[PDB]
Amino acid sequence: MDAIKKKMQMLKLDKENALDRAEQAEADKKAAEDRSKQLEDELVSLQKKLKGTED
Amino acid sequence: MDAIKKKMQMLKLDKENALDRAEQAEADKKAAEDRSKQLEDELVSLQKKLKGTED
Amino acid sequence: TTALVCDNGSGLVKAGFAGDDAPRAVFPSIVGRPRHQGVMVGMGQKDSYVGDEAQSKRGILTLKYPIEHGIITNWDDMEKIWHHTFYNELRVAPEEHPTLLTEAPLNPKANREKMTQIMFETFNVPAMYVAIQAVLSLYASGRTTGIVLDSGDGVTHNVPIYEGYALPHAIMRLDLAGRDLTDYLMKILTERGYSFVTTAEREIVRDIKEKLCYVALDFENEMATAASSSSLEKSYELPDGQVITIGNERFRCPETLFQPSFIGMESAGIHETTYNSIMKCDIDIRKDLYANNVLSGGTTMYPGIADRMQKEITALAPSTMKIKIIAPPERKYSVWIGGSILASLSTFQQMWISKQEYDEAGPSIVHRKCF
Amino acid sequence: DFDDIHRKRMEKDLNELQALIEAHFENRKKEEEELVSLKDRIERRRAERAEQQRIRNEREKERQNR
Ligand SMILES: Nc1ncnc2c1ncn2[C@@H]1O[C@H](COP(=O)(O)OP(=O)(O)O)[C@@H](O)[C@H]1O
Ligand SMILES: [Mg+2]
């Protein structure tokens, strides 16, 4: 009819916005966790270098 | 009718799924970010003690 | 006073006062002289019915559009259309209102100069300004970046913009548009027995295209499905009865947009000229253009195009970038809404081409600083 | 910019839907039931007209038959 189509369009705009936000948040999590794990690896290498210096 | 109900329910389900997924991702992002901050703070002190050891 | 935001277009003239939400009067731009003899005396028969009046008497007229592909090929008819638009559809004399026409990119200069000369000499407006049809569609979306694909009825053009700085070397204008799709649909309908030839029946084929055709998500699968089942055959009632049944002509007519080889055009579809237009841009603004792809114009109203185009670009683009296609529900009038917004701005109020300036430099003023 | 999209979108996102639902409900209520009832009423009047026509036609044919 008439109002039904507009209501469906609203329900679809919510769909697109929610899905896009979810995808963007997932990409953010991937990037942040990669950052953290690379920092942890750098910390490990520093520990090993400290061990060599102690030797 | 029949089509309106199923389509509307499926679209609302899609919106809710995307929203909850985004919230979970953002929570993990915040936790990883704070842990990364902890890693930075500990790494600086590790570098300082390494520098003293080298001196 | 208020400004008149006219928008010539090619197929539908959209006009209205600046500052509203929708154009006040929207009517086809056709001027049709009668072709038969006429025997009743005193019936009050005019010599040319323009606008929406000639879509009701089209049975005995020979409608002919005055704008072929963006450019204007018949200046007398265009002047008649403008006169009708000002005096009968808006009823405001042009002597007391600025006007804001719109023009496709990469159009001949003489067209624009003649347009401004007409507006200043015949209608005698106080001041007029000509704007590119894509920047307005970008205004209406409320963005400031993004690459807009404005697939009108005359010509499809693809203007990329970043941070308000247009990139003149990356405009890809293609002359496939709604009219060629109407002609191709009229040509493939003959495969079932329905022959439309008269210039009046082109309107009927246009109505069929608007109401039935849709863009397929995957072309080969749809071609295979329509050739086995019969779940696609939708029927339609002509203006006199004798319903017709459209089979796989439904998604073959608008498929021409993505494969212009159907109507013999060499160039690549609207799915690949957008990617080429992006790749001509600098390497650092490609992510923003990928994320803010804007659709506008009438012909982008086919049901299911915002998914086919996204699938195609995602296939072409690198896997990491996010591809998003902005398809507002008010697509058809997006250019005019943007025109209203631009005319309502205070910062823009000193960019009009004032009449004294035209008197001093002639019609060639439009190419000068007042663009 | 991009801050009026909320104030021009979210408004009609709910108000327009609710108002159109209200319009459809009131129009259906006003239209369908009243039309069916009125058509039934006119049908009953039509049947009564048919009976009157039959009676008059028969009595006139009875008298005039000569
Ligand atoms: N709802 C629709 N579905 C499919 N095609 C449409 C629809 N509305 C308009 N069109 C096509 O778009 C054309 C109108 O485009 P428009 O945007 O008015 O062109 P212009 O840029 O000249 O104003 C029509 O000729 C028609 O073929
Ligand atoms: Mg246009």
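The numbers used for chain C are those of Swiss-Prot, and the residues that appear cover 7-377, in sequence.
Method reported for this entry: electron microscopy, 5.6 Å.
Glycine too: its Cβ is placed from the backbone N, Cα and C atoms.
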Problem set entry | Among C:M49, C:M307, residue that the record in Swiss-Prot marks as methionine (R)-sulfoxide | C:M49
Exercise. Swiss-Prot tags one of C:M46, C:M315 as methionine (R)-sulfoxide; which one?
Worked result: C:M46
For this session: Filter the modified residues C:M46, C:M49, C:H75 down to the ones within 10 angstroms of C:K86 (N6-methyllysine), Cα to Cα, kept in sequence order.
Result: none
Exercise. In whole Å, how far is C:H75 (tele-methylhistidine) from C:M46 (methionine (R)-sulfoxide) when you measure between their Cα atoms?
Worked result: 38
Exercise. Using a Cβ-Cβ cut-off under 8 angstroms and a sequence gap of six or more, which residues of the chain neighbour C:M49 (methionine (R)-sulfoxide)?
Worked result: none
Exercise. Over all shown protein chains, what is the count of other CB atoms within 10 A of the CB belonging to C:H75 (tele-methylhistidine)?
Worked result: 18
Exercise. Which state, by DSSP, holds C:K86 (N6-methyllysine): helix, strand or coil?
Worked result: helix
